[PDB]
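Engineer: Here it is, the structure, as C-alpha cells.
Cβ sites come from the backbone with ideal geometry, for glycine too, and all protein chains shown count toward neighbours. The numbers here are math on the coordinates, done by the rules we state, and not lab data.
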Amino acid sequence: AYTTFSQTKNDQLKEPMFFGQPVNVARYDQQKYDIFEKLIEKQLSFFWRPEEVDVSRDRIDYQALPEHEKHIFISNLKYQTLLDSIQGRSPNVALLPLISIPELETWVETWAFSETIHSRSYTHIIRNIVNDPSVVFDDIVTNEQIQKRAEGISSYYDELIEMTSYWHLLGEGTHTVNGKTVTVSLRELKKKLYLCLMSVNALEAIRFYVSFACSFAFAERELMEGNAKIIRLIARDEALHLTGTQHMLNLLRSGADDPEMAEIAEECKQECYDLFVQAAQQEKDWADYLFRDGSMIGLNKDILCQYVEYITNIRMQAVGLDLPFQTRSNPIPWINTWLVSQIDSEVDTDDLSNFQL
Amino acid sequence: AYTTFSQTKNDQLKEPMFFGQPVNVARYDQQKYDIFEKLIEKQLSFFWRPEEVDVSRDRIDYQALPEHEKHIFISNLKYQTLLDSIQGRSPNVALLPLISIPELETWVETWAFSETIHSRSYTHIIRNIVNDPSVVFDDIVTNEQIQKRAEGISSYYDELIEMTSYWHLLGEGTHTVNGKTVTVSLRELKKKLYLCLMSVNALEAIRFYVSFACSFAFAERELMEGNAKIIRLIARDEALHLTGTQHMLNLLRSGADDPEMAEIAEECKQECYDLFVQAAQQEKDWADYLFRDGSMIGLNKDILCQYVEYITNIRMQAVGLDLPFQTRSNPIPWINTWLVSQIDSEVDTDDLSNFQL
Amino acid sequence: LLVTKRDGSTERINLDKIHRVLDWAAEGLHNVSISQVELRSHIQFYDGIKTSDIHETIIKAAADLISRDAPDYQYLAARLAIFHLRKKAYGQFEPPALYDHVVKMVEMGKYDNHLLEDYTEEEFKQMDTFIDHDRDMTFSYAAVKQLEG
Ligand SMILES: Nc1ncnc2c1ncn2[C@H]1C[C@H](O)[C@@H](COP(=O)(O)OP(=O)(O)O)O1
Ligand SMILES: [Mg+2]
C-alpha cells in the first residue's frame, strides 16, 4: 500500500522515476536526473503573483472590442481557466502516489503549485475585464465546445488514478471484487502512466500554445496589455512544464529508467500518435468555433490552424513520434517575442619609391 | 470514483469542505470560508528562498561547538528534515482527493508547496555546515531514535489514504474483496480524516515548535545565526499552517460545515485527547535523546519538557480539548522574539496676605 | 464603421478583404506571414478611412519585413505595390488596351503625339500581343518603388 514515509532505507539514486519505493527523506544535495532539480530552481526563480501586474487599463480595451472579438477573448480565457484547473490538482493526485525519487516528487508539487498561480491570475484577469465574473465561471463546466475536451483530458488522469488505487490496495494479480473478477497488471499501470504523460504533454505543449497565440495577438495590437503580461509569465512557466514531461517521456521511452518501459512505450506508439493527432484536430475545430462570427487583425481560422500544424510537428518530434502534418514555417513569427527572453598622415617616400609605374 | 474535473455544474459555495463533489473549476472570486483565501494570500507574500540567506558563519560556529552540542543541533535538524519530508507530500496525497471547495484545495497545495521550500532549506543548512551531507541524510532513515515517530505521524496519513482509495473504488457499503469482507463506511472515513487533521495539528503546533526552541536557543547565544534566520522564516510559515488546521478542525467540530461531522467529532473527543497527549509525551521522549550527552545554556531536558506542556495546553485549548497538564507560565519567554513579526518668578503678595498663619 | 473605397463609395469594414489580398500576394512564397504583415501595419481604423491609405500602410509593413531569414518578402511587397499601382493608373487590376491607353495619354499631353503618327491602330494592337503583363510579377520591391517614384 502507499505510505507517506516508507520505513525501508533505499538508495534514492538507484530507484526508478515511477513505481519504485515511495520517497521517504526529501533531500536535494543529489539527483538521479538533474533536469528536475534545474526545473525546480528555474520555477522558483520565476515566482510571480498576479496582483503585481497592472491590468486596470484592460477593461477599457475589452469594452471597445467588437462583439465577436469579445467572444474570441473570453472563449480563450474560459478554455485556459479549464485547463489550468485540471493542471492545478491533477499532477499532485495522479503522480505523487507513483513517484519514487525525491527530485521528481518535489518538481511535481512545484509544477502543481505554479498552476494554482495560473488559476489565480485567470480570476485576476476576469475580475478586471468583465462586470460579473460569475457569468464566465459558470459557463466553463457546461460549455459544449469546452466540455468535450475537458472529459477527454481528465479521463487519462482519472484512469491512471483508478488503476493506481487498485495497485496500492490489491497489488498485482487476479482479484475478486464483489463477484466480478479484477486483474491488476503493473504493465497496464505503466501503460496508463505513459499515455497520461503523453496527453499532458499535448495539453501543455500544443493546447495552451494555441491559446497563447490568441492572447498575444491582441497584445500585438497594443490591446489587453495587462492580460498579455500575465500570459507572458504563464508562457514562461509553461515552457518549463512541457520540458518536464518531455524528459519524463523520453526517459521512459529510452528504457534508461525501466527496461520493461522501453518495450511498453513502443506498444503505445500508435495510440500516442493518435492521441496527439486527435489533440491537434480538436484545437483546429476550436479555432473554427472561435472565428465563426469573424476574425481580427493578425489571426483567423487559417492562420491559427496553420499554427496548430506547425506547433504539433515540433512537439511530436520532441517525444519521438512521426510527424502528422506537412513541413511548414512559423505562420505567426511575432509570437516568439512573447515566449523567450582621423587619418594617419605619416608617409614614407622611400616605401613609395619602390613603386614602378 | 475520483474525477479530476467533475462534469456536474455545482454551487461551490454550498459544498462542504470535504467529501462533497470533487472540485472542478478553480475560481478565487468567491469563497465559502475566506480564512483559506487569506492564508493563501499570506503564504504567497511570505515567499522566501533559502539561498538568499547568509549561512557562511554557521560552518565555523558548528565546528566550534562542543560535541554534545553538535548532537543537539544536528539531531534537531534531522528531526525537522523528517517532519517536513512527510509534510511535503502528505497534505497533497491525503487531502486533495477529498476536498470539495476550491479555496481549500488551493490552500492545501500552497501549504504543501511551502513545505518543499522547508525541505530544501534543511539541505541548504546541512550542506553548509558538514562535509558530507550523505552522512546526515542516511542517518535519518537508519537511526532508530528518529524513525520511531515517523510511524506515529505517517500512520494517520496512511490509513486515511487507504480508506479514501476503497471509498473511491467501491463506494459506501459492505463489499467482499478476495473472499475477505470489507466494509466502506463514510462515517468511518470522516472519522479518519478528523483524526488525521488532529495529528497534523499536533505535529505543526507542538512538535515543530519544540524544535524551534532548540534552534533559537543557539541564536540567543549569537551562535548558528544563519540557521536561525532560516528557522525564523520557517516558523512564520508554520504559524499559517497550524492556523489552517485549527480552522478546519473547529469548522468540522462545530457542525457549521457538515452536521454529521459534529457528531463524529464528539465520538473522537477522547481519541483526539489521547492523540495530543501522546504527541506531547513523544516530544518529551525526544528531548531525553537530545540531552543524553549534556545540555547547554538556557536549555535542558527539564526546561524543554516544561515548554512541551506549556505549548500543548495552548494548542489543545484552541481546538476545544481538555488541558492535560498543570497550568504554568512560559518557561522560555525569550522565544516570543522569534515567533512573530524651570521656575516662574512671579509672586502675588495680595494672594499671600489672604493666608492665616 | 465604414471605409472609403477608391470610387468614393463607402461600405462597412471587412478584414477578409485584407486577408484575401495578402493571401494572393503571399502565394507560393516561403517563410512569409499574412499575420505578421497585418500586425506590423499598426493600422489605426477611423470611420471613413480611405481604402488606398490602408493598402499603402500594409505595403510599407511587408516591405520592412525584408530580411535574411525571410527574403521572399521582397516579392510579397512588390506584388502588393504592383496591385496598388494598377489601381492608381487604371482604377482596376487589368490594364487597358495599348491603343486606348496611348490615345488617352496623348490627348492629356503626357505622351508624345508622334506615337499616333508613326504607328497605326492595327500596329498598336499588334504590339499589345507582345506585352506580357505577368512580367510585373517578377519585380522585387525595390524595383517597384523606383518605378513609381
Ligand atoms: N471593406 C473593407 N475593409 C477593410 N479593408 C478593405 C475593404 N475593402 C478593401 N479593403 C482593402 C483591400 C485592399 O488591400 C485595399 C485596397 O484594395 P482595392 O481592391 O484597390 O480597394 P477597393 O476594393 O476599395 O477598390 O483595401
Ligand atoms: Mg477591392
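Engineer: Output the number of residues of the stretch C:21-31 satisfying the condition of being exposed (fewer than 13 other Cβ atoms within 10 Å of the Cβ) and either at positive phi or part of a loop (DSSP other than H, G, I, E, B) (or both).
Structural biologist: The qualifying residues number 3.
Engineer: Within the stretch C:88-100, how many residues turn out to be under 18 Å from C:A25 (Cα atoms) and surrounded by 15 or more Cβ atoms within 10 Å (Cβ to Cβ)?
Structural biologist: Here the count works out to 0.
Engineer: Identify, from the list C:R40, C:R79, C:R12, the residue that is within 16 Å of ligand 2 (Cβ to nearest atom) and either surrounded by 14 or more Cβ atoms within 10 Å (Cβ to Cβ) or among the aromatic types (F, W, Y) (or both). Reasoning before the result, please.
Structural biologist: Details: C:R40 fails: within 16 Å of ligand 2 (Cβ to nearest atom); C:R12 fails: either surrounded by 14 or more Cβ atoms within 10 Å (Cβ to Cβ) or among the aromatic types (F, W, Y) (or both).
Result of the check over C:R40, C:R79, C:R12: C:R79.
Engineer: Another question, then. Based on this model, can you work out whether B:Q326 counts as out of contact with any strand residue (DSSP E or B) (no Cβ under 6 Å at 6 or more places or on another chain), under 30 Å from B:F18 (Cβ atoms) and surrounded by fewer than 12 Cβ atoms within 10 Å (Cβ to Cβ)?
Structural biologist: For B:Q326, the condition - out of contact with any strand residue (DSSP E or B) (no Cβ under 6 Å at 6 or more places or on another chain), under 30 Å from B:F18 (Cβ atoms) and surrounded by fewer than 12 Cβ atoms within 10 Å (Cβ to Cβ) - is not met.
Engineer: Another question, then. Based on this model, can you work out whether A:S134 counts as within 29 Å of A:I74 (Cα to Cα) and of a type in the set (G, A, S)?
Structural biologist: Working: within 29 Å of A:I74 (Cα to Cα): yes; of a type in the set (G, A, S): yes.
Yes: the conditions hold for A:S134.
Engineer: Whether any residue in the stretch B:134-148 is of a type in the set (S, T, Y), more than 8 Å from chain A (Cβ to nearest Cβ) and outside any strand (DSSP E or B) is what I want to check. Steps first, answer last, please.
Structural biologist: Applying the first criterion (of a type in the set (S, T, Y)) to the stretch B:134-148 yields B:134, B:142.
Filter again for more than 8 Å from chain A (Cβ to nearest Cβ), leaving none.
No: the stretch B:134-148 contains no residue that is of a type in the set (S, T, Y), more than 8 Å from chain A (Cβ to nearest Cβ) and outside any strand (DSSP E or B).
Engineer: Looking at (1) over 20 Å from the mean Cα position of the chain (by Cα); (2) of a type outside the set (S, T, N, Q); (3) outside any helix (DSSP H, G or I), which is the only condition C:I131 fails?
Structural biologist: That leaves (1) as the condition not met.
Engineer: Within the stretch C:1-40, track down each residue that is under 17 Å from the mean Cα position of the chain (by Cα), more than 13 Å from every other protein chain (Cβ to nearest Cβ), of a type outside the set (D, E, K, R) and within 8 Å of ligand 1 (Cβ to nearest atom).
Structural biologist: C:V21
Engineer: Among the numbered criteria (1) crowded, with 16+ Cβ neighbours inside 10 Å; (2) within 11 Å of chain A (Cβ to nearest Cβ); (3) in a loop (DSSP other than H, G, I, E, B), which single criterion is violated by B:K9?
Structural biologist: B:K9 satisfies every listed condition except (1).
Engineer: So, restricting to helices (runs of 4 or more DSSP H) that lie completely within the stretch B:169-265, which ones have at least 3 residues that are surrounded by fewer than 18 Cβ atoms within 10 Å (Cβ to Cβ)? Outline the logic, then answer.
Structural biologist: Working: elements: B:186-202, B:208-220, B:225-253.
Where helices (runs of 4 or more DSSP H) fall fully within the stretch B:169-265 and carry at least 3 residues being surrounded by fewer than 18 Cβ atoms within 10 Å (Cβ to Cβ), they are B:186-202, B:225-253.
Engineer: Against the definition (surrounded by fewer than 24 Cβ atoms within 10 Å (Cβ to Cβ), among the aliphatic types (A, V, I, L, M) and within 19 Å of the chain's Cα centre (by Cα)), how does A:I129 come out, yes or no? First the steps, then the outcome.
Structural biologist: On the way: surrounded by fewer than 24 Cβ atoms within 10 Å (Cβ to Cβ): yes; among the aliphatic types (A, V, I, L, M): yes; within 19 Å of the chain's Cα centre (by Cα): no.
The answer is no for A:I129.
Engineer: Restricting to the stretch A:52-87, name every residue that is of a type in the set (S, T, N, Q) and away from every other protein chain (no Cβ under 14 Å).
Structural biologist: Let us first name the residues in the stretch A:52-87 that are of a type in the set (S, T, N, Q), namely A:56, A:63, A:75-76, A:80-81, A:85, A:87.
Correct list: A:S56, A:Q63, A:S75, A:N76.
Engineer: Output the number of residues of the stretch B:300-357 satisfying the condition of being over 21 Å from B:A279 (Cα atoms) and small (G, A, S).
Structural biologist: Looking only at that region, the number is 3.
Engineer: Given the criterion within 16 Å of ligand 2 (Cβ to nearest atom) and in contact with a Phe, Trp or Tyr (Cβ under 6 Å, 6 or more places away or on another chain), identify the matching residue among C:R86, C:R6. Explain how you work it out, then say what you get.
Structural biologist: Details: C:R6 fails: in contact with a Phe, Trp or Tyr (Cβ under 6 Å, 6 or more places away or on another chain).
Sole residue among the options that is within 16 Å of ligand 2 (Cβ to nearest atom) and in contact with a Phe, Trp or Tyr (Cβ under 6 Å, 6 or more places away or on another chain): C:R86.
Engineer: Looking at this structure, is C:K50 within 16 Å of ligand 2 (Cβ to nearest atom), more than 12 Å from every other protein chain (Cβ to nearest Cβ) and under 27 Å from C:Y75 (Cβ atoms)?
Structural biologist: Details: within 16 Å of ligand 2 (Cβ to nearest atom): yes; more than 12 Å from every other protein chain (Cβ to nearest Cβ): yes; under 27 Å from C:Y75 (Cβ atoms): yes.
Taking the combined requirement at face value, the residue satisfies it.
Engineer: Can you run down the residue pairs with Cβ atoms below 8 Å, 6 or more apart or on separate chains, where the first is in the stretch B:96-112 and part of a helix (DSSP H, G or I) and the partner is basic (K, R)?
Structural biologist: Listed by first residue and then by second, the contacts come to B:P102/B:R27; B:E103/B:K32; B:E105/A:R89; B:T106/A:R120; B:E109/A:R89; B:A112/B:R89.
Engineer: If you don't mind, another one. What's the number of the only condition in (1) farther than 20 Å from A:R221 by Cα; (2) within 10 Å of chain A (Cβ to nearest Cβ) that C:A97 fails to meet?
Structural biologist: Just one mismatch for C:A97, condition (2).
Engineer: Can you list residue pairs whose Cβ atoms sit under 9 Å apart, with the first residue in the stretch A:241-264 being closer than 18 Å to A:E15 by Cβ and the second being surrounded by 18 or more Cβ atoms within 10 Å (Cβ to Cβ) and among the small types (G, A, S)? Count only pairs 6 or more apart in sequence or on different chains.
Structural biologist: Partner pairs satisfying both residue conditions: A:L252/A:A265; A:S254/A:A265; A:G255/A:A265.
Engineer: Which residues, taken from the stretch B:23-38, are surrounded by fewer than 22 Cβ atoms within 10 Å (Cβ to Cβ) and under 17 Å from B:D237 (Cα atoms)? Before you say what the answer is, go through the steps one by one.
Structural biologist: The first filter runs over the stretch B:23-38 and keeps only residues surrounded by fewer than 22 Cβ atoms within 10 Å (Cβ to Cβ), leaving B:29-35, B:37-38.
If the condition is that a residue be surrounded by fewer than 22 Cβ atoms within 10 Å (Cβ to Cβ) and under 17 Å from B:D237 (Cα atoms), then B:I35, B:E37, B:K38 are the ones that fit.
Engineer: Please work out which residue is farthest from A:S295 (Cα to Cα), limiting yourself to the stretch C:54-74 and to residues that are surrounded by fewer than 12 Cβ atoms within 10 Å (Cβ to Cβ) and more than 10 Å from chain A (Cβ to nearest Cβ).
Structural biologist: First, the residues of the stretch C:54-74 that are surrounded by fewer than 12 Cβ atoms within 10 Å (Cβ to Cβ): C:67-69.
Checking the rest, the ones that are also more than 10 Å from chain A (Cβ to nearest Cβ) come to C:67-68.
On the way: C:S67: 28, C:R68: 30 Å.
Only one residue fits best here, namely C:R68.
Engineer: Determine whether C:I18 is in a helix (DSSP H, G or I), within 30 Å of C:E122 (Cβ to Cβ) and within 16 Å of ligand 2 (Cβ to nearest atom).
Structural biologist: Numbers: in a helix (DSSP H, G or I): yes; within 30 Å of C:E122 (Cβ to Cβ): no; within 16 Å of ligand 2 (Cβ to nearest atom): yes.
Here the answer is no, as C:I18 does not meet what is asked.
Engineer: Another one. Which members of the stretch B:38-51 meet the condition of being facing chain A (nearest Cβ under 10 Å) and either under 12 Å from B:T106 (Cα atoms) or among the acidic types (D, E) (or both)?
Structural biologist: The answer is B:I40, B:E41, B:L44, B:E51.
Engineer: Go through A:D288, A:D293, A:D302 for me and flag whichever is more than 20 Å from the chain's Cα centre (by Cα), in a helix (DSSP H, G or I) and within 14 Å of another protein chain (Cβ to nearest Cβ). Before the answer, list the steps.
Structural biologist: Working: A:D288 fails: within 14 Å of another protein chain (Cβ to nearest Cβ); A:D293 fails: in a helix (DSSP H, G or I).
When all the criteria are applied, what remains is A:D302.
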